[PDB]
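Note on naming: letters A, B, ... go to the chains in the order of the sequence lines (proteins, then strands), and numbering restarts at 1 for each one.
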Amino acid sequence: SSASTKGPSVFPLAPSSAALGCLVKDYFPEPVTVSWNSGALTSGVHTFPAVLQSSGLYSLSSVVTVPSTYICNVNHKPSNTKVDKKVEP
Amino acid sequence: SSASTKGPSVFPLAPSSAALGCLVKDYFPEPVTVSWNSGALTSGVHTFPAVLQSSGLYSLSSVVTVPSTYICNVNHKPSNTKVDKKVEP
Amino acid sequence: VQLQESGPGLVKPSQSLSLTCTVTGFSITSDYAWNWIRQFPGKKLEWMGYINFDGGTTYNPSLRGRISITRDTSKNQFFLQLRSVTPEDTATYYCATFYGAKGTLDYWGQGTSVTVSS
Amino acid sequence: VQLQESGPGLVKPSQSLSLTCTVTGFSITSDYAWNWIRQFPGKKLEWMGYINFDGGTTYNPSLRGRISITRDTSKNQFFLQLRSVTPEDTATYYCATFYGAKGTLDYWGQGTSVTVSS
Amino acid sequence: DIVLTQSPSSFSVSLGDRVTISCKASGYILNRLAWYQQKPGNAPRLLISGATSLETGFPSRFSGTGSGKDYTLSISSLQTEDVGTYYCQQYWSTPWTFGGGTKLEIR
Amino acid sequence: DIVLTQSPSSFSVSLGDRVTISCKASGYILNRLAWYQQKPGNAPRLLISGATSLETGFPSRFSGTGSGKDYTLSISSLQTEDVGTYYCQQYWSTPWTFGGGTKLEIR
Amino acid sequence: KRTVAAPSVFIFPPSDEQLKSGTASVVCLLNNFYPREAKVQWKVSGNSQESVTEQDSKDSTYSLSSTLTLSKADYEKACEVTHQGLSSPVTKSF
Amino acid sequence: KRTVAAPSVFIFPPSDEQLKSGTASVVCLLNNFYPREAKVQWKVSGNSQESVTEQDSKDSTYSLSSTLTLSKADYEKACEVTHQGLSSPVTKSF
Amino acid sequence: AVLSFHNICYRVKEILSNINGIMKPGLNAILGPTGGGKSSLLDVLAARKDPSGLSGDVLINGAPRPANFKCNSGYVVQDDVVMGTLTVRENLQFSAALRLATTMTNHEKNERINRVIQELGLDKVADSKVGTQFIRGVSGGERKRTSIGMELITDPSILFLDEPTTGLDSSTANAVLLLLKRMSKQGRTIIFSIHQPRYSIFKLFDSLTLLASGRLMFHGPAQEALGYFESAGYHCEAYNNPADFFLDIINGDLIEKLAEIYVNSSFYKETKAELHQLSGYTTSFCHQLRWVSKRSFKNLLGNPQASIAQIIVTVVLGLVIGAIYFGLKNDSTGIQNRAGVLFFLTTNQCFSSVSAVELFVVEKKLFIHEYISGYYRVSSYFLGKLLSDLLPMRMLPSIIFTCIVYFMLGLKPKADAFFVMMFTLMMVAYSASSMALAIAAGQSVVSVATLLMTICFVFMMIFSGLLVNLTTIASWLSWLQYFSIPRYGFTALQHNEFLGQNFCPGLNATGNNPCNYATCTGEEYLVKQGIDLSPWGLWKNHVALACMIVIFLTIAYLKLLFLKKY
Amino acid sequence: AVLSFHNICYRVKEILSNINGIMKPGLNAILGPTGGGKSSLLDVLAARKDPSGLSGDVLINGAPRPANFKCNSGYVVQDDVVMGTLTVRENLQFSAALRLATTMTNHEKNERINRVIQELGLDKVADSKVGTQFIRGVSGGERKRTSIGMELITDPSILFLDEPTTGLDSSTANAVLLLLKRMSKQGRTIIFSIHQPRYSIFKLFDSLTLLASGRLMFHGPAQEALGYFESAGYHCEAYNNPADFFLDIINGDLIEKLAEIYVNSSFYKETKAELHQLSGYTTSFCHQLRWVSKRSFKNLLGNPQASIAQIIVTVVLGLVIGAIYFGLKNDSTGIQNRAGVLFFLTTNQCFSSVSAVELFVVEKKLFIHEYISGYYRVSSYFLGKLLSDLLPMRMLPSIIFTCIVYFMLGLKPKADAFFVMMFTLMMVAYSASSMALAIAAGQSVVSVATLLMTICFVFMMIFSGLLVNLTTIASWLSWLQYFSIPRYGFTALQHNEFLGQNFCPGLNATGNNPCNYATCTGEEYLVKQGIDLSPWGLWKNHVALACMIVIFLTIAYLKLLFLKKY
């Protein structure tokens, strides 16, 4: 369990038919914050409690509940990987 | 003692030139009592505290101090060996 | 020496919670005091109370009137009963032994989760 | 841990008796109380007094004003000094350690004889 | 009652380094302080009893060095077996209380 | 002060037999009673410490079974290693006192 | 006791955009289930991460989410959920 | 301290009566010595016995005594004392 | 009946030098300055002074006074000793119950009471209370009439009154002396002392005796005194009272001149001739116990402070202690709480028992008057007052404290343990109260006894065994512990609470203690206080309290037996 | 100077109804029954009654009484308030030190004192003590003269005396009124009340005023009263005193009939005419404190019980405690002994301080008279009495106890520890004494204040921390501990003794305790009592005692400031 400073991978997945989930996969140091429509929506968010791996890395699951354009973006701090992801309506 | 009852051996020794010593050598059970001239001279006696042997028998040294006929005798208890010994003037 | 919690893992609001602890390798009426401790989803620990080897008992004031601890000396059991249960607690419950002369919780059961909700 | 008595084995009536005890494997200022005990000819035991780890001291009332116990913390020594010595109290003198929390004389020196005569 | 504070909620330390955990009481505790180690999925396990005495079954890499109201747990040369959550507990006053816990998230 | 009586000055017992030594206090002693074994030419050695607890480095053939003012030391299946003088001691009151001693002698 | 409920399951497959990167995060969302304690297994494992979150704010069930990290060499070749609240697993494919 | 001393030594040989019994009890008495702590050794080694007693009533010196038990086959063929307060030991023969 | 005194002298040092006179049916007044013979002559004539000093002779109708005379004559004290919380009917009934013969039916005693209460004009107040600090009642003039009626029960041929109007307003004092003159016309001989009477009073007297510094200044018919002193050489103006003019002559406007003139005067020679011409229990112990106890009980009920106030303070203090010590624990504080609450309970029984000093002290003047007058034995009085006042007022607060505190604290939940506490709290109250009666009996003031009682209890309370460990005290003080009342109470209560308690939670110290200093059971606490763990270690304390009761109640009785009555 | 009063009425309910008269150089007497107007008219004339009820007008030489009048006129109390342990010279010197101007040399004040002490005929007793319980001294006649001289220091034109002959023998009462008649011939106006004068006094009066039930019944020249009542229809015989005959008429041998006659009588019309021919601080605070303190100190030295007896009791109790607790140990009994001895020392400072109730209560009548007479401010009086009496008698026993016990017991052998005990024992004595003065100030009797003080200390002493462990008490009582004086003393003493002590011999327990429950060091004992181990944990107790001193001494001052003087 050893982390050198490395930034998250990010992926939003479109629903079956509704809720949107974006996963912020492996990163460290850990003070990550996640933003929906770059702050234009904040109701109905649940970031699920983060994981820890045998490498010493952390993982976070970000979800919105809404009958649906969307942006998932991540202003992660000690690596300037300000990761940004999009879906079409 | 390792074992039950046996009676003392007794021997008085005459002096060099004065004191008289009689030794009451190996006996058990232990509550021996010693008499000089059958009680006619109780003054100047010292019975030394008894020994204990590797067989567990007991031994007692009986002495009188006096410028000198004498009797050393021993009314020993469970063995009934009423041992008696004599010297000349 | 050795402890084991058991009981219903799921209970209604305003009902009563109930856990047995069974002891082996020692007698609950010989020595020590016998505790209940809970650990919250927020990972903090709360001590709840004890029954003593002589059957005297003591409780945390946070649980005023909600708790009692009782025993069955026929079979080395003691029991947590916690009435008017509420979804705000919903913790993991441990029985443990307080050693008396040393002052510490030296032996613990594996602990059991309790869920409370509508 | 390890104790050893030493001193003059022979002393005059109305003189003062004096024994050193040297301790090794432990420090006399650390924890215990440090005793003197005597055993009489025609065996019986008398406890005489102690000095404590903090330098406080206590004595048997049979020895009223005759005894003092003192120490040299530079070299783990403590001393029995017994004034107006008399032929009635020839004995074998032991130093020993009182364990405090346990309440017993757990460690003893080999002891030293003292003769007093006219 | 008496409240215990552990000042950091979590650390970040490298393997093989030194680490030091601080527990602050509201009242005087007079060394009636114990430390518990918890591995995930298990009961808390006693590590130190009294402010300074280590339990048989832990290595002399651990020691506690508190007095008065401020207590601390030291690990010198920490090892991979030491990863977990640590709690102080007071046992001076009858409503016994734990500190908030602190997590050694070894990195 | 408190005086201890051991009733016999000496016994007489065979190898492999059972023996039982009685110590009577004048005051209540509340289990602050210890037993010492002395071999000839040696210091007394502690045997029992608090009226019922036995020292590490003695056989479970010995045990003490007193209460109140009357205390006793038992040997069941005595052996040749056990021969010697035995003393009780109280440690309740500050002038500590030994019993008169009692001797075990082979038969 | 809220009223007991075996799960509902929704697959979260990659977008038309993601597959340009040579690897994929393929995902399986567990929703409406009760009482907290289910598990997920991956078919066509090891490359997996998952979490359970708190109770839902209007019906008081639970939510859980789970992952597999995968390559353009093996994505185009399912998640199965085990829960004790019904007699069998349920499964669906990306 | 009474005034320091060596021992004085007296042999205690058998009577004309005792030798009729097939064995003898020849003896060695240690008297006037100080301070208590002599030893006796026998020459011309088995079945040795010895004992010691308190101060004398006028000078407070000690007394000691010792025994060799012996046969009619070997009586007609001495005790020595290693008291350290001498210049060197003393001996005499029955 | 005529009372004649010849050559009276009295010494304590003389105070009556040589006095001669006769007194007769009618109203006879003894006057002079306050330090003179006036009061001492009345108390010699009445047999109220000690016969050891009296050197003359007193005769009735020409025959000696019998030893029985104190029972056959009435004597009225200056300041009234009547029971202020009984009614006028009840005060007369208590006198009639004890001074009349046991022969008489209750109707034959009520005929005597009715003749008396009518003759005194008390009819409108017969059933009114005689007045007390907490009870407005009958007026000072009627209070004086009531006291006279307690002597008229026996139809005495002679009444003595000490200073009968020296305490009343002039318009009452004339009505009291007009009542006395109507009584004198019944053939009763009335003999009394007074302080500076008005001319309006002095006109009533049938004889005057005048005394200064233990010398007689005049004796004769009363209206002749003015003519005698004007003949002797003094002068009275118009508008001036003869009774002030006499005391003015005594004060020199010298007493050797006034004594020598009287020896030469006609009134002496006539008196001397007359004296040479003249010189030619009722009831059982049981009935006295019954009536003494009865009066004492009505008095206890007729007072708030002696009853209700002490009960209210007991209940309030019982509930305050019950709140502070609520729900005792079996922990490190449990010994301190049980030791401290039981020490409060015993020492509170001692200091609340200091009020027993007031039992005999407030009654002293009434007791001495009734005892000299032959109402009762000292035995039946002393027992009848213990049985009535002291007994119930020491049971009640002991029972109340135990019922309130015991189950609030949670002391040992056993029936015999509760009754042993109740009995132990009661024995320490009777013992402390008996010590108060031994200190107080025969004294005249509450304050010195109250101080000495308080000083005794603070020294006894050091030796109680809480503040100093009794096993540590040096042998030359240690025997002082046997003299302490709080210690026997506190030892019995500690024995009863602590046996079989445990105080180290999680540590079974019953068979061994694993670390020596811990003090984990109530037996370890008891032996560390030097207390005995046997049942005799409990009961030894109650036999000690019973002995202190018997010794102190004997000292209190012997103090009333050898008190000086005269 | 002539003092005249017109249409005087007074109400509390009326007590003076309507009264008119003139008083003139000479000897003027006010007579009647005790419940009548006699004393209330004297106190209205003298300005000794509250002006809120007074409904008429009083007028000197034809001009109003100034507010300054109480300083320019003499008033002599019925029962003398003179200092019984000062001498006659010293009592007059204290009056001269405060009533004369600060302008005057000590010789110019001694000329005033010598003129006064000679005029009163005190020359043979000038340096004798004025008499006390423990000190035989000057007799009641010269004691009354001494009190008159304290008013003559100022050469007052008017003297008022309430009841000046009441409590004196008839020859002394004549000598006092013969002295007063010689003074009246100096031109002084002397106005006084009497309880029923002897004829030989009544002949001396220059005017008589007679009052019953708040009605005037005569006012005129005194010898005309007999002729007026014989004209009104009554009869005096030979041998009868007019002054008794007037009170007999008032008693009905009706007062509305006798008041109506006076309104119609010649003596009214003559009086009414003249009343229409008319009507048509001195000294600094410092000097007052100096002399108040001086009188108070001479008084403390002039008494055994207020000084020597408390010192002797302190030394004896100090040596008794020193013997019982001799040579404290560091063993299992050492905590009990140190806790119990320090608890005895603080509670003894509380109960011995109950004697402070007596400070102001015994002086109350003297204080009110001297304050109304303008001797001093209430501020300089209250401070001058704290500084003189209370201050030294609370230092001394605190110093003595500490010097005796400390080295007998073997308490901590450090210089600052010894002085912190001495200072803590002294603060608890001043605090307890200040609470006594707050309860006692303005009350008239010792007994109720003494009981209330004693009841307060037994409740404070429960919350001391020995008898109940304060950490265990329920939260709704627990705040009562902050009100207790013994607790701040006992906490400061326990902090000072126990820090750094060890009590488990043969065990070290500074870094760990091998088994809990053992209680082996004084810090473990202190925290188990709830005491704070910091230096502020010691000193917090002394700031609390200083606050209780300041609050209670303010309540004692405000009680004397708002006491009713009239």
Side-chain angles (χ1 to χ4, degrees), chain A residues 1 3 6-28 30 32 34 36 42-74 81 83-89, chain G residues 7-33 36 38-40 42 45-72 75 78-79 81 90-94:
Chain A
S1 187
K6 71 177 187 175
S9 301
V10 182
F11 305 99
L13 302 320
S16 168
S17 295
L20 300 97
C22 80
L23 309 192
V24 184
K25 199 176 68 191
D26 300 312
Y27 62 90
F28 195 78
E30 172 46 298
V32 80
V34 184
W36 285 108
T42 62
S43 184
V45 182
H46 283 285
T47 49
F48 302 5
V51 197
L52 183 139
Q53 286 78 277
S54 63
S55 57
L57 276 280
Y58 293 68
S59 312
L60 182 139
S61 317
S62 185
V63 174
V64 280
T65 298
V66 55
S68 63
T69 304
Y70 306 86
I71 295 288
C72 160
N73 80 38
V74 182
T81 52
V83 189
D84 176 17
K85 285 296 195 181
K86 177 72 180 188
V87 70
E88 68 84 13
Chain G
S8 63
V9 179
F10 306 107
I11 194 75
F12 272 2
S15 68
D16 194 33
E17 147 273 337
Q18 180 179 140
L19 296 179
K20 296 174 63 69
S21 67
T23 61
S25 177
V26 69
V27 174
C28 182
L29 175 79
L30 267 285
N31 205 40
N32 305 300
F33 83 130
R36 68 196 295 173
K39 64 175 63 178
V40 185
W42 284 93
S45 289
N47 282 15
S48 60
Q49 296 162 348
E50 43 61 55
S51 181
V52 182
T53 194
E54 259 56 77
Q55 192 151 47
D56 104 63
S57 63
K58 60 173 58 67
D59 206 357
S60 62
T61 67
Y62 286 103
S63 307
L64 176 184
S65 185
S66 68
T67 66
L68 174 66
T69 188
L70 203 59
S71 80
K72 273 288 297 184
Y75 166 58
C79 61
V81 326
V90 298
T91 304
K92 51 166 52 71
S93 181
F94 41 80

Among A:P15, A:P49, A:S61, residue most engaged with chain G (heavy-atom pairs, under 4.5 Å): A:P49

Backbone N/O of G:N31 and side chain of G:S8: donor-acceptor pair under 3.5 Å: yes

Side-chain touch G:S63/A:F48, heavy atoms, less than 4.5 angstrom: yes

Proximal component of G:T67, with respect to chain A [non-hydrogen, under 4.5 Å]: side chain

Sub-4.5 Å side-chain heavy-atom contact between A:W36 and A:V45: yes

Residue part contacting chain G, namely of A:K86, when any heavy atom lies under 4.5 Å: backbone

A:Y70 vs A:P12 side-chain heavy atoms within contact, under 4.5 Å: no

Parallel, tilted or perpendicular: rings of G:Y62 and G:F33 (30°, 60°): perpendicular

Residues G:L29, G:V9; criterion side-chain contact (heavy atoms from CB on, under 4.5 Å); working and verdict: CA-CA 6 Å; G:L29 175 79; G:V9 179; over 6 Å; no

Note, A:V63 side chain near A:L20 side chain (heavy atom, < 4.5 Å): no

Side chain, backbone, both or neither of A:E88 within contact of chain G (heavy atoms, under 4.5 Å): neither

4.5 Å side-chain heavy-atom contact, G:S51 and G:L64: no

Within residues 13-21 of chain G, residues adjacent to chain A where the heavy-atom gap is under 4.5 Å: G:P13, G:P14, G:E17, G:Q18

